[PDB]
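Peer 1: One structure, as structure tokens, below. Some questions next.
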Amino acid sequence: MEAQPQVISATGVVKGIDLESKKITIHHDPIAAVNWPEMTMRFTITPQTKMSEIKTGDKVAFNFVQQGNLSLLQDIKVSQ
Ligand SMILES: [Ag+]
């Protein structure tokens, strides 16, 4: 609804992943929607994040929302 954050799409390379602590670090390409340059950033897996098999070193396509100080993944998959 109205106050909820918008869904941001991006692409990048997985630098590391820890399913136990719900952490994925992604070196992503620029994101115009939030005025971010190419960056490495901490993303957060939630129980709702729609995942496929992801491993360190994979190129990925993903969507997230910014909710306070966390970047919450909505979905992630390997990409070309
Ligand atoms: Ag970022």
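Ordered as shown in the structure tokens, chains take letters A, B, and onward, while each chain numbers its residues from 1 and ligands are numbered from 1 in the order shown.
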As an NGL selection string, please: every protein or nucleic acid residue near ligand 1 (cut-off 7 Å, counting only C-alpha atoms and all ligand atoms).
Peer 2: :A and (28 or 36 or 39-41)
Peer 1: For residue 60 of chain A, find every residue with an atom within 6 Å (counting only C-alpha atoms), except residues of its own chain fewer than 5 positions away, and show them as a PDB file with C-alpha atoms, in the first residue's frame.
Peer 2:
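Result saved to result-v5.pdb:
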```
ATOM      1  CA  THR A  11      21.952  -6.977 -11.732  1.00  0.00           C
ATOM      2  CA  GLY A  12      25.274  -7.924 -10.228  1.00  0.00           C
ATOM      3  CA  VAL A  13      27.769 -10.602  -9.189  1.00  0.00           C
ATOM      4  CA  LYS A  77      18.053 -15.747  -9.932  1.00  0.00           C
ATOM      5  CA  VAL A  78      21.184 -16.448 -11.999  1.00  0.00           C
ATOM      6  CA  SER A  79      21.369 -14.162 -15.075  1.00  0.00           C
TER       7      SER A  79
END
```
Peer 1: So that I can see what lies close to residue 37 of chain A, please list as a ChimeraX atom specification the residues with an atom at most 12 Å from it, counting only C-alpha atoms and leaving out residues fewer than 5 positions away in the same chain.
Peer 2: /A:10,27-32
Peer 1: Using only C-alpha atoms, which of A:52, A:46, A:21, A:66 sits nearest residue 9 of chain A?
Peer 2: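 The closest residue to residue 9 of chain A is A:66.
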Peer 1: If you measure from atom CA of residue 34 of chain A to atom CA of residue 80 of chain A, what distance in Å do you get, rounded to one decimal?
Peer 2: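 Result for atom CA of residue 34 of chain A versus atom CA of residue 80 of chain A: 23.2 Å, one decimal.
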Peer 1: When distances are computed from only C-alpha atoms, which of A:6, A:18, A:72, A:58 shows the smallest separation from residue 45 of chain A?
Peer 2: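 Once distances to residue 45 of chain A are computed over only C-alpha atoms, the minimum belongs to A:72.
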Peer 1: May I have the residues within 8 Å of residue 55 of chain A as number ranges by chain, using only C-alpha atoms and disregarding those fewer than 2 positions away in the same chain?
Peer 2: A: 14, 16-17, 53, 57-58
Peer 1: Could you tell me how far atom CA of residue 47 of chain A lies from atom CA of residue 23 of chain A, in Å and to one decimal?
Peer 2: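 One can read the atom CA of residue 47 of chain A to atom CA of residue 23 of chain A distance as 12.2 Å.
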Peer 1: Taking 5 positions as the minimum chain separation for residues in the same chain, which residues sit within 9 Å of residue 74 of chain A when counting only C-alpha atoms? Answer as an MDAnalysis selection string.
Peer 2: chainID A and resid 7 45:46 48:51 62:65
Peer 1: Keeping only N, CA, C and O atoms, write the selected residues to a file as a PDB file, in the first residue's frame.
Peer 2:
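As written to disk, again17.pdb reads:
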```
ATOM      1  N   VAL A   7       9.625  -1.464  -5.468  1.00  0.00           N
ATOM      2  CA  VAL A   7      10.513  -2.595  -5.836  1.00  0.00           C
ATOM      3  C   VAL A   7      11.554  -2.141  -6.866  1.00  0.00           C
ATOM      4  O   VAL A   7      11.223  -1.606  -7.932  1.00  0.00           O
ATOM      5  N   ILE A  45      18.186 -11.668   2.854  1.00  0.00           N
ATOM      6  CA  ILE A  45      17.207 -12.681   2.472  1.00  0.00           C
ATOM      7  C   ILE A  45      16.131 -12.731   3.571  1.00  0.00           C
ATOM      8  O   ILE A  45      16.431 -12.732   4.764  1.00  0.00           O
ATOM      9  N   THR A  46      14.863 -12.743   3.147  1.00  0.00           N
ATOM     10  CA  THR A  46      13.707 -12.922   4.045  1.00  0.00           C
ATOM     11  C   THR A  46      13.080 -14.282   3.763  1.00  0.00           C
ATOM     12  O   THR A  46      13.314 -14.885   2.704  1.00  0.00           O
ATOM     13  N   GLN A  48      10.291 -14.825   2.654  1.00  0.00           N
ATOM     14  CA  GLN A  48       9.494 -14.627   1.434  1.00  0.00           C
ATOM     15  C   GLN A  48      10.302 -14.411   0.208  1.00  0.00           C
ATOM     16  O   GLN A  48       9.724 -14.430  -0.897  1.00  0.00           O
ATOM     17  N   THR A  49      11.607 -14.118   0.299  1.00  0.00           N
ATOM     18  CA  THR A  49      12.408 -13.851  -0.902  1.00  0.00           C
ATOM     19  C   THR A  49      12.262 -15.060  -1.850  1.00  0.00           C
ATOM     20  O   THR A  49      12.497 -16.200  -1.457  1.00  0.00           O
ATOM     21  N   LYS A  50      11.901 -14.814  -3.116  1.00  0.00           N
ATOM     22  CA  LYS A  50      11.755 -15.898  -4.096  1.00  0.00           C
ATOM     23  C   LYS A  50      13.151 -16.234  -4.650  1.00  0.00           C
ATOM     24  O   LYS A  50      13.693 -15.492  -5.483  1.00  0.00           O
ATOM     25  N   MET A  51      13.733 -17.344  -4.196  1.00  0.00           N
ATOM     26  CA  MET A  51      15.072 -17.687  -4.612  1.00  0.00           C
ATOM     27  C   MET A  51      15.123 -18.846  -5.570  1.00  0.00           C
ATOM     28  O   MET A  51      14.244 -19.750  -5.596  1.00  0.00           O
ATOM     29  N   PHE A  62      18.064  -9.415  -9.744  1.00  0.00           N
ATOM     30  CA  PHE A  62      17.349  -9.443  -8.453  1.00  0.00           C
ATOM     31  C   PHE A  62      16.506  -8.191  -8.314  1.00  0.00           C
ATOM     32  O   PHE A  62      16.676  -7.176  -9.024  1.00  0.00           O
ATOM     33  N   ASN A  63      15.534  -8.280  -7.397  1.00  0.00           N
ATOM     34  CA  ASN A  63      14.684  -7.159  -7.001  1.00  0.00           C
ATOM     35  C   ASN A  63      14.778  -7.007  -5.491  1.00  0.00           C
ATOM     36  O   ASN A  63      14.842  -8.053  -4.781  1.00  0.00           O
ATOM     37  N   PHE A  64      14.670  -5.797  -4.975  1.00  0.00           N
ATOM     38  CA  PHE A  64      14.734  -5.578  -3.525  1.00  0.00           C
ATOM     39  C   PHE A  64      13.896  -4.347  -3.210  1.00  0.00           C
ATOM     40  O   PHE A  64      13.540  -3.516  -4.062  1.00  0.00           O
ATOM     41  N   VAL A  65      13.612  -4.211  -1.902  1.00  0.00           N
ATOM     42  CA  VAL A  65      13.044  -2.963  -1.364  1.00  0.00           C
ATOM     43  C   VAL A  65      13.944  -2.457  -0.273  1.00  0.00           C
ATOM     44  O   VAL A  65      14.630  -3.222   0.432  1.00  0.00           O
TER      45      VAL A  65
END
```
Peer 1: In Å, rounded to a single decimal, give me how far atom CA of residue 22 of chain A is from atom CA of residue 43 of chain A.
Peer 2: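 Distance reported for this atom pair: 8.4 Å.
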